[PDB]
Structures are given as C-alpha cells and as structure tokens.
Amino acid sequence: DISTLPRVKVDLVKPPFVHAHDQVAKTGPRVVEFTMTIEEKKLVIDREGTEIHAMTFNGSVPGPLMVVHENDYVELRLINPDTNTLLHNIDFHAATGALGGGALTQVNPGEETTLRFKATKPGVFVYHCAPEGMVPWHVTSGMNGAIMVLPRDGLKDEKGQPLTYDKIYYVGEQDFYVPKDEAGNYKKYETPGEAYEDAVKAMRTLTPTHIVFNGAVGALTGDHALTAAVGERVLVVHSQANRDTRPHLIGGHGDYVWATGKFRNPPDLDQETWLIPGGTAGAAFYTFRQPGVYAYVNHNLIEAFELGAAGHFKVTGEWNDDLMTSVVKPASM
C-alpha cells in the first residue's frame, strides 16, 4: 500500500549540478516527489547570437537530473503554465507502460498532471517530451533530461566492490537543427509555432547546426567550468535523447564506464572514449590524478570544436611527474 510509505519532496537544481541524494539508501522505499514547470523560452545558443525558441523542463536545456533509488516510486507533478503555447507531455525511459508515461501526461497550456511510476530498473535513463505527431521537434528543441535510479546499495565495480563518488555532474548534450535559407544563414522566428514545416525540413537533413552541452556553445567553460581536485572521484552522467555521441575526457579516461547506463551490468574499464547511443544516458567514473584544465568532448572533433560539444574541467592540486613530464621543453634545433 503506497499510502503507508514515506513521502520525500525533492527540490531540483539546474544542470550541470545535481540535487542532494544518498548513494547508499538510508531509508526503505519512498515516494519521491518532484515538480517541474514547462517553459517555452528564447535561448541564445552560440557566440554569434543565434536565438531559438526552446522548449524546456524547468527552464533549462537539459532538464534537471532526478535521482532516486531502485524500487522507489517517482511522483512527478508536471505543470504547463498558460503562458506557453504548446501541448507537452513526458516519457520516462525508466518507467514501464503507457509510452513511458507519455500517454498519461498530455497537458495543454493551463493544465497540470501528476504521474507516479515505480523505478524498477537501476541505471541512468533519458526522459523527454513526446507529443503525438511532434516528437522529434520537441526533443530537438531541448525538451529532454535524465533520471538516475541508483541501486539501493550504491554503485559497484566489475568485481562487486563499492564505488563511491565524491562529486557528480550531469552533462546533457543537445543536437539543434536551426533552419537555414539557401545561402546558409539561420532563419529567425517570433514564436515557437512559426517554425514547423521548416523545422521538419531542417531535421530531415540529419545534420545538426549546433551540438551543445548545457544548452549553449561554451556553457561549461570559464566561470562555469566543471571543477575537481586531484584525488577526487567524479561521476559524469551524460545523455543524448536523439543522436549518438562519444564522450572523451581529454587528458583522462573513463576508469569505469556504463556506456549504455545500466548498473546491473559490470562497467567497462579504462575507456578512452565510449559510445552513448541516441536515446540513452550513460555514466563514467574517473579519479583525477593530475591538475590543470581538461576538455570533456564529443570525440567527433568537428562536433566538439566546430559545432559546440566541448566543456572544461578545472582541476586543482599537485602535478605528478612520474605520470607525465616534459623532458625537453619545445625549443629550436
């Protein structure tokens, strides 16, 4: 009887940060309550000032990371305010039935709904909007995020020993298809509704115009670079709701990687680069051993450095010359 279970309310945070949670469950199963408000909004996605009409869960691209444990119930209150113009819903890849919840969560502007589902499978999973007839348009306008369902006894390595992270970040990667005119300039629009047939044409090229982390070119750089210290254990959850990606930590590795994100499987060890298929979330665990700047990229390097799929870590601490050193610094001959 679900009414006898504890309820706990989560207050979400903006990506790439993740709300507070316990890796090993400190209670029995709970109903974990979340609220998200859909926001259609203009977003500037690149250095040139290209502006799109984004569709968001909770104001961000990606939507926030939700965290529960296996066999918890997730109860989501989904709000579509009357300041929006479109019908929306939500499909959780973590859930079982009704198109992942999509069939039960159709909300017009001015409506809300509450969905409950049991988190029966541990892993990181995509969630996304999926309104009948409009699915890729909503997804590729930014309306996707992820949910992490931890095993009740936390993460384990390939031998069944505990893995405990000190820090966690969520990197949502988004493919955008901004319509272009024959000369190649982006076509701008006043409303989200304006784009439709041109949005379909741009998508059908299968060639994104931008591929970004956390909603914009350079979002995870500068003052917004990810941080860690030498010796810290970091889990990076990465999702892509529509298109394959291949993450790589330049200067590091994925020490333990669940490329397709499901924790009942042993992790792959010592990865340089890993493939996360479109429609999937994956997770990589790394212990930093060197200080300095690292680039975290999609290792199609065109997609990274021309189209936007690159972020930075800034790592503090002690340099280890046994691991790497310049024997003879660049100089003339």
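Numbers follow the displayed sequence, beginning with 1. Rigid core (definition): largest C-alpha set, two forms, superposition within 1.5 Å.
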Which is farther from the shown form in 7 other deposited structures of this protein in C-alpha RMS with the core fitted, 103-111 or 224-232? 103-111
Entry B factor averaged over C-alpha atoms, 221-229 against 131-139: higher for 221-229
Do the CA atoms of 183-191 or those of 144-152 have the higher mean B-factor in the entry? 183-191
Would you mind finding, among 270, 70, 303, 51, the residue with the largest C-alpha temperature factor in the entry? 51
Top Cα B-factor in this entry, restricted to 122, 97, 247, 109, sits on 109
Where the record places residue 241 (Cα B-factor, split into thirds across the chain): lowest
Among the modelled residues of this chain, does the Cα B factor of residue 126 put it in the lowest, middle or highest third? lowest
Split the chain's modelled residues into thirds by Cα B-factor; is residue 16 in the lowest, middle or highest one? lowest
For residue 77, return the chain-relative third of its C-alpha B-factor as stated in the PDB record: lowest, middle or highest. middle
Lowest, middle or highest third: where is residue 166 by Cα B-factor in its chain? middle
